[PDB]
Structures are given as C-alpha cells and as structure tokens.
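I have placed the structure first, in the form of structure tokens, so that the comments after it can refer back to it.
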Amino acid sequence: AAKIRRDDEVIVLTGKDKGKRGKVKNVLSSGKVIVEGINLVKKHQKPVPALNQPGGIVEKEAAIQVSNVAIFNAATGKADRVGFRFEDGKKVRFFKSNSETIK
Amino acid sequence: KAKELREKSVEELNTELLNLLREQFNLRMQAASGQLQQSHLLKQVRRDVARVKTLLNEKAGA
Amino acid sequence: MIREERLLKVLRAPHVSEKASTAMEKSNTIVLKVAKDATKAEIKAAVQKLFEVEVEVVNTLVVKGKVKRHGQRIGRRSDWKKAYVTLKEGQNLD
Amino acid sequence: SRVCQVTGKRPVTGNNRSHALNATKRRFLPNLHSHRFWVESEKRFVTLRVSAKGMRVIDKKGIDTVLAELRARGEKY
Amino acid sequence: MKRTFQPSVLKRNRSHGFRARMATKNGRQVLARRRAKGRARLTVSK
RNA sequence: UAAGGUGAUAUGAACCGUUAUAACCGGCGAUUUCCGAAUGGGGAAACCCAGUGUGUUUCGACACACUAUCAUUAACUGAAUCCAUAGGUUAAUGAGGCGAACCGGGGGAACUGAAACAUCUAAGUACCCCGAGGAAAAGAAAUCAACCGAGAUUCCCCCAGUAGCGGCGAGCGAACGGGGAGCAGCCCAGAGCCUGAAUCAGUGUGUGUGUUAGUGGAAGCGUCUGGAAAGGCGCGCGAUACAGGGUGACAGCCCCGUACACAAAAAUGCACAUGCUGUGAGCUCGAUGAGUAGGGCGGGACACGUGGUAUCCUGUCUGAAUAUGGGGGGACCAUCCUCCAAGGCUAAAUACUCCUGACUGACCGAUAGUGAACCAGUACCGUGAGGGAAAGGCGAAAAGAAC
RNA sequence: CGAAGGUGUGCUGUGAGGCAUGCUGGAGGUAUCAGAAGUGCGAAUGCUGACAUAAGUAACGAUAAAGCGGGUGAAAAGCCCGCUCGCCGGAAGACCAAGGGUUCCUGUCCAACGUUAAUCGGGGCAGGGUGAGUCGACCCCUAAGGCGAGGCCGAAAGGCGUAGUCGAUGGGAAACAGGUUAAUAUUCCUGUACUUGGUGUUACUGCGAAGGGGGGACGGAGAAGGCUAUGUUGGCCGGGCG
RNA sequence: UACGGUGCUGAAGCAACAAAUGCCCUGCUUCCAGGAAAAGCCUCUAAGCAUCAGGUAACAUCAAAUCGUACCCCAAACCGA
C-alpha cells in the first residue's frame, strides 16, 4: 500500500523544482524519494586515491519528500491522487480523478 | 530450498549436511586469505546448514 | 576418534605474520587460528584430515584480546587460540 | 524449638509490668518435658517432647489417639 | 606508609565474591538489591 | 503483507528480490553454549573433576543420557533382638529460586509529644521473618437489639471528635442506630431408604465474542510575497472523517491517519451450549464439636491504661453441664429476651500496579521533568554494603565547504 | 511586509511598570475581562555553572652533573649515534612471587597527557608478540579454619555439629647444556636425558581394603670436619712492544 | 654489509691455593620450653576369586589433556588522587 513506486513518473507539488516532472529513480525507507533530474545539489566530492575517484564539484540528485510529489495522470495532463482497489483478486492503484487504473 | 530438501531420506540429508560443512570450511579458509571476493556465499551456506539441521530435527522425533 | 563435523568446525584460519612465515620456512611449522575450545589432539586430527598432511606435534596458546577505544567508548577484542603445528619432515603444504 | 508436640504450644511474647508499670518484653515458655510413653498396641515406648497440658490430654484420650492425630498432622514421633 | 588497601585476589573473592554472597541469606539480599538497582557489576567477581 | 531489502552508530562491499518460499509483521514449532535454585561432586559464578550405562572406533578415543536434597507414597531389603522397628537401595509424584505494590500471620524499635520525665505517646508504625493469591483476609450469629425488631462477611457516607478512656495530662476514641455498594449460602461430625437428582473442578467438542498480523477509508485549484506556501487574496469541494502527527512558514481536501465499514490458516481468554471423568442431590431418623466452656495466677486484644470492668486470646495450674442443657444482654443477682461455642467451605462489592494497550492534563520543558531526553545506575568514588554525576538543538535538505 | 527572545533610543505613569520604534533574531505571540499559581531574590559561611583576584607571582618533586661533535627535524639543553665526565654497585644491578593487565616489540603521529621543548614516551593510531609430559597451576594429601546428609538445639530467620567434603602458607613422578626472535623460551631448534600411566607381550604365579603395621614425620642453640659455588696466582693459548 | 647485523672460522681450555651464611646435615652434640597432619611410598592380610583375574619381568607401542607463560615487580606499570 505505497502509492508512489520506483518507476512511476511524478510531478512536483512544492519546492524549487515545483511543477517539473521526472521518473522516480528510487524510494527510501525514510519516506523520501529520489527522482530523476529534479532536486539537484552541487556536492563538493573529496578526492580519494583508492576507488579511482578524482574529486570535483559533482551535481547529483538529492532526495525529496514523497508528500511533495504526486503521481502524474497523463490523460488529464495533471497531478492526481492515488486510491487502492481490488481487481480480480489483486490490489491495484488508480487515479482518484477519472477513476482509471494505473498501468 | 527447504521444500526441495524435504523430499529426501535421512542418510541423504546427512551427506548434504556434510557437504555444506566442507564448503563452509573451504570458504572460511579462502576468506582468511585474499582469495574470496564473494562474501555473501558464507552467509548462504551457514543458512543452508541450519535449514538442513532443522530438516533433520523434524524428521527425527517431531 | 573425532567426528568430522567437529573437525571442520575446529580450524578458523591461517595466521600470517613474520614469525609465522619464519616458522613455515625453517621449522616446517604452520601457525593457525583455531577454536578456543579446540584441544591439541583435535587440532591435529583436523590438520591431518583437512590439509592431508602428517603432524608431528601441536603447541597451542591463548591470545588475549586487546582493549581498544572507539572514539570515547572503550571495548575489548576477542581472545582466540593460536596453534603452532609442526609437520613431518618433507611435508609441503599448499 | 520449644514446642509441645501434642498441643502445639509455642513460646508467646508478653510484658513484665513493674509496680511503676514499666513494660519490658518477655516470653512465656510452655512447661515442656520429654517423656517416654508406653504404647500398649505397638508394645514400645515413644518419646515425646510435650507439655504438662499435653500429658493431661494424653491421659484423657489415650496415647494411641494422640499418635494418630500427630501422624495426620505430618509430624514424626 | 603502608596504606589500608593491600590487594589480594583470593582474599577479595572469598570475602566479597559471588559464591560468598550466595552462601548466606543477607548476601543474597544484597545481590537482589544490586540487581534491582541495575548494577552492571553485580559482584566483585571479575 | 509486499517492491523493495541484507538492525544501529555508519557509510561502503558483496549480494538478494520485484506477483510472489526477497525483506518486514503475527500464530505454532525447531535450535537454545556456559554461570545462576543449579540439581553428579567440588568451586575464587560463567571454572575443575567424576561415576554408570547404552552405542560406535580408522581402536588413539568419541557420542549421548542419567546420577542433588527434602517431602510423600510404593517396592525390595533390613540391626542391636525372636518377631518387629530403626536403618538401607531402588521407583514414582511434588517442591526448591526470582518477582513492584497490595494481603494474612510470627516478632517488633527509637527519635518524637507530653514544652523535663518514668505511666502514656510515637505505634503495632519503621524494620526483620514465614506464607499465599489475583486479590487476600473475613464470613453464615452461642450477633445485635430492647420487650419493637433486625438477620453472614467486606467496603463507602453519617452517628461523632459524641459516649468513653486518660500522670482525667499530652493524647486516644468507639458502638447502637441510619443511608448506600454488593449480596449466597452450604457441608461433615452417620446411618436407613431411594440411586447418578442440583452444584463444582479438570477435560474434549460446538457457538458467540474478544486478543495476538491486517484491508479499504472522502474531498483543491489559481494568484502575491517568499529560499520554500500549508500564509495573503480569489474562487471551489468533503465531512458518521475539522483527533492527532508530518510535509522547505500556519494544510479538512499533499502524506500518514481519523469517522465508518471489513479481516485470521493458527493459537488463545471469557460466556453460555454439550460429552466424559470424579463429586454426590431430595426424603426419614437421629446425632449436635471436653481437657472444651468456666475458674485462679501472669500477660495481651477490645476506644476502654484494673479500674466498679463486662467481652476475646492464652503461658501456667485447674475444670463443668452437655438442650430438662449452655452462651450473651458491660461488675453482680433475679426476671425476660435472644443465640447455640468448643469442625470445616464459600462469589460479590474492597486493596495494589513490576507490567500491556488506549486516551487525558490551567503538569515539567534540559539547574525543570525520573538519578538518567544523551550507550546512566554508566563514568567516577568506596575493601564492602553503598554512593553516584555531567552531558539535548547545523541546516528544509549535508548541499558538511572540490579547488 | 518578520513572532518570542537579545540590544539601543524616544515618550509616558505617583510606583511596581507601560507604549512605540532602530538593529539582531528567524517562528511563534496574544488584547479584553475572568480563573489558577512552582508569581517577583542581594544577602541564608545558600546550591549549580561561568569568570575574576592574588599573578604571569610561588613552584616545576631529592644538590648523582654534566660537556662537545655528528644525525634527524619546521625547529634539538632534553631524541638517536659517538667520545669524555659523573652516580649506584647487599643496588639505583639481575630473577620471581603478589598486584597490575598489553604497559612488551615494530611502524607511525605530536592536538591532549609528560610540571618546559619534544622529532621522544609507560601518550594517540595500526600491526605483531606469550609455543611445556619434566616450570607453575590444575591434580592426589592434609593444617588452621569453612561448609555440613542425617542429627541436637532454636518464635521465624537460624546456631552447633557427626559421617563427609573443601581448604596451602606445608607433603606428593620426571630435563639438562648450547643456539635462536624486533619482541617467548628449562616451552621453539640442536644434542643428550628422565617419569608414570595405560594397552599388548612372552616369562612367571597368590592377588585382593573403606582395615593392620612401617614410613612420610618434623624444635632451639652449638660445634666442628668434609665439600662445592666462587675467587686469586701460576702455568698454557692468542695478541702487544707503547 | 639495508652499518642493525648476517655467514664462515676458531687457539688454549691445565694446576695450585683460598673459600662460604650454600651442600653432607631431616646429620651430630646438647637444652628444655619437649618440637603438624594426611596422602603418595613400602608392607600384612580379610571378605573375595581360584588355575581366570590381578601381581613383577623385560620388551614393544600409545600417553601425558587443560590453563598460565608478553612486560613492570623496592617500582613512572603494585598500595599511596
């Protein structure tokens, strides 16, 4: 019963990247997702001789609260909320708006 | 693997158990050296043995 | 007569160190880490079976664990049993 | 322990009251006595540490009885 | 100057050790007390 | 129940897993080193040393079980001593130890007050000991009452700071009676008839209802400030859900939830329903608890300090009647009333919280609140019993500052 | 479009106080009228923390004593190497017990610790290191003493104590010399030994204890005599001729 | 020659004297204050067993487990903050 999953395309409700869109890369146990291209930070990576890392200002993706994102309904062209229902003895997610199953 | 191993005799089971243990030992020997570059194997095998042990206890007096 | 399972569980590891290397090269003596509960005869039996090599004798000793300090917190390392196993003349071990 | 075996009389605490009513804790010991009792049925003497009152009881009832009660109580004699 | 504490392991154990505490009632109560408190080292025993 | 996982400081490595034996959660199992009642003997706890038997051996040794004490019962055996008994060896069953408070019993202070102090008080308190239960204890009138009557025990409010007690000081302090909570009565002292009649406990089965994982669970957009909107300003919608928490500032409609509606393969509590095992109900005839009641001496308990002191208990010495009898009605006698001691059992209303869950607070908010918001009964101190701290906050996010 | 808190300013009330506002601060505050209090601190040789003073003052822990050259280093009175000097030598040397518990050795670092500096350290971090039939414990035996089946005694708790069982500081089998590690050695290696158990043997033939006996098994002081450890001298061997 | 050391090599290796508080000595002499215990060890038999076991005899083989072993130890490591 987790509304947002690894490979869902989502849209951001809040923050500096609000309105933007992206595929979820992975979701954390802490209640945070990392989405592709959305929340970017320019970490100063410390060089290390071992592991073949040179060291520089790497721009990587920082996590974002799940609440802050929303699963995008391609049909409506908008963010929607997710509900759960049993179809053929199997739980499936659906868009509250327009009531269509997520596939 | 428990369901597969359940369909066996006692003598069989004992042999595999021994075979698991010998492996374990080999891995331990490798691990101490710089040979073993697959650590999960140790974990696996230990679990495998415990499973067998369980299957022996179930068979004999349960 | 020692049970095979027990034998397998005896031997923890080879011990690498300068002294150990010297013992290997000169006196034909291997230095093993073994179970703390493992007695000498047991160790010998296990050597013979699992490395397939004749044993002259086993000396053992108990290594006490060092007290260390991780940050502010004190903590002690485990004690463990060392075994010098002298192997019969002409016995070459892999 | 100073206990009549027939009656169960133990020591009990109490006071010495002086003429000036100065209470001081005291005991009251029973009048115990170890006595051989002839048991006519079994034909042997049974020793019993027992109070004069216990004696009187025995006399009244019969030693055999007393022994039975005691047995019931789970006491050795 | 000979100071009061002149350690001796055996003497320590006999006096204050676990088994000594176990032997008598009062010692057992002490042990129980210490357990209740949450003492890590229940006794002098190393 | 699942698309994410392999606890944490704490990353990484090597890996697993994605529609179902990955991981996670719950039931029932398995394993469960050593010390510890510790129980084969010993011991400076976490160690030392056995015995016996059954099996195996590559014959060097392995394995695994049993071996405490006491009580009780049974079997065999068995002295002085003829029989016996004591004793002895086996076997079975139970116990042992730990644990907050509450409960019953065995013992039992002093400081203090009395403006000193001894009776008295503090107080049957503190404490020590034994025993038990989820509660315990008590309990079915040899009770009150007053010539009317009540009808076992327990607890609450009155009666009443009254009557009393009291170096008549300091202080202690009822009862009768009334209002409530809750209410239940039974058996043996013994034999006849009838024979399985109510009730209780253990134990299976069935039903209901919990508990131990869970499932679904409404409705919002635009714009301005701003690092960020949940804020402002607009216009909407849900509400058996505006409890609460989180989300980059304050969110009913972003998330988790909440109301509401559903859920258990398995285990299990409590109700009834039912089978089995033990138990005996109703009827007639009786019988009706002796070193006991009373008494003397000494103590103690009763609000009651021996006093004019009834009543209860008994260390000591005595010692009835036994229903045509006996107990009590606060010295004692007479009359009347009232009850039936010297054998037992018994739910409820009552007491407490080590512990579990839920919810609440004109309670604290880091010198407070637990000693302890933090790896605290730790560090440290002490031979030991024992004592016993300090120490919370970057940021929304490490983006924790490459060069 | 900036809350509390902090810090200035201005105004204001008879006072405790109040109002406004600049900066800081970055999220809470709260009128009014009522309500309740852990409601107001300068003192209690009050408590807890912080920071002063004396003061850069006293002191730097035996009056056994240092000097130089070279090295390393960011830096050398203090570290390493060298040569002198000085101190102990029935100890200030060597080996153990007890007690400690890694302080041992190697590499590395110098914040803190070291009464200064520190490249050094018994400091930090990492790694390494303790080898036994004959040493010791364990083990057999017991002393003082402890526990103590039954038992005797005791309100309870418990006390004493028999049989027993524990208890060394005492009794009881066996190893020496050399060599070796950075760090262990009667433990490793080299050589040369010993012990007491089993098991199997052939040979023989009275074995057998919870019992009997012997032994173990024992004081102080004194006196010598015989010895060795050890030392001195000579001889010998090697080197030397200042 | 990594200036730490490593490998090879190696003469003589006798005598006298002196000499312990150490050994013979758990002895001897003496004194009164009159000087552990038990086992190991030797030996004697009893119940027993009886031509078996057990004993001693050499010889062969196996065995000796476990724990401690670093370092300080009149001290900078123990008792004294």
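Chains as they are written, first to last, in PDB author numbering: chain 3, 2 to 104; chain e, 2 to 63; chain 2, 1 to 94; chain c, 2 to 78; chain m, 1 to 46. Even for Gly, the Cβ is constructed at its ideal location relative to N, Cα and C.
- In this structure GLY55 (chain c) is buried. Its beta-carbon is surrounded by 16 or more other beta-carbon atoms within 10 angstroms.
- For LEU50 (chain 2), the chain e residues whose C-beta falls within less than 9 Å of its own C-beta are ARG23, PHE26 and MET30, listed in chain order.
- Look at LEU8 (chain 2): its C-beta is under 8 Å from a C-beta on chain e.
- Ranked by Cα distance from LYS26 (chain 2), the first of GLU18 (chain 2), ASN59 (chain 2) and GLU52 (chain 2) is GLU18 (chain 2).
- Ranked by Cα distance from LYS82 (chain 2), the first of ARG3 (chain 2), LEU11 (chain 2) and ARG6 (chain 2) is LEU11 (chain 2).
- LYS81 (chain 2) sits in a strand when the DSSP states are folded into three classes.
- Our two residues, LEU32 (chain 2) and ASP8 (chain 3), have alpha carbons roughly 51 Å apart in a direct line.
- In this structure, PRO12 (chain c) places its C-beta atom within 8 Å of the C-beta atom of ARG3 (chain c).
- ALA13 (chain 2) reaches chain e at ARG29, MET30, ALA32, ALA33 and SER34, counting residues in chain order whose Cβ is nearer than 9 Å.
- The straight-line gap separating the alpha-carbon atoms of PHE38 (chain c) and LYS10 (chain c) is approximately 19 Å.
- Exclusion of the five residues before and after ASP49 (chain e) leaves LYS2 and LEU21 as the residues of its chain whose Cβ lies within less than 8 Å of its Cβ.
- Assignment of alpha helix (DSSP H) within the segment 6-50 of chain e, counting only whole runs of 4 or more residues, yields 11-33 in chain order.
- No Cβ of chain 2 is located within less than 8 Å of the beta carbon of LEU37 (chain e).
- Shortest Cα-Cα distance from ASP94 (chain 2) to any of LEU8 (chain 2), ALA35 (chain 2), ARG3 (chain 2) and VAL47 (chain 2) involves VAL47 (chain 2).
- Annotation: Cβ neighbours of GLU4 (chain 2) in chain e (cutoff 9 Å, chain order): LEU19, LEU22 and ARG23.
- Fewer than three Cβ pairs drawn from the segment 56-70 of chain c and the segment 8-16 of chain m lie within less than 8 Å of each other, which leaves the two stretches out of contact.
- Spatial neighbours of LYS88 (chain 2) in its own chain (CB-CB distance under 6 Å, excluding positions within 5 residues in sequence) are listed in chain order as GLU54 and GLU56.
- At the C-beta level, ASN99 (chain 3) and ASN74 (chain 3) come within 8 Å of one another.
- Short of 8 Å from the beta carbon of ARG69 (chain 2), and not among the five residues preceding or following it, lie these beta carbons of its own chain, in chain order: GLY75.
- Counting along the chain, the unbroken alpha helix (DSSP H) around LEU71 (chain c) starts and ends at 64-74.
- Here the C-alpha atom of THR86 (chain 2) lies approximately 22 Å from the C-alpha atom of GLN31 (chain e).
- Just so you know, the alpha carbons of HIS20 (chain c) and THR14 (chain c) end up roughly 20 Å apart.
- When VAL67 (chain 3), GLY90 (chain 3) and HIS45 (chain 3) are compared, the shortest CA-CA separation from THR15 (chain 3) is found for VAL67 (chain 3).
- Taking 8 Å as the cut-off, the Cβ atoms of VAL7 (chain c) and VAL40 (chain c) do not count as close.
- Cα atoms of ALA2 (chain 3) and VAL11 (chain 3): separation of roughly 17 Å, rounded to the nearest angstrom.
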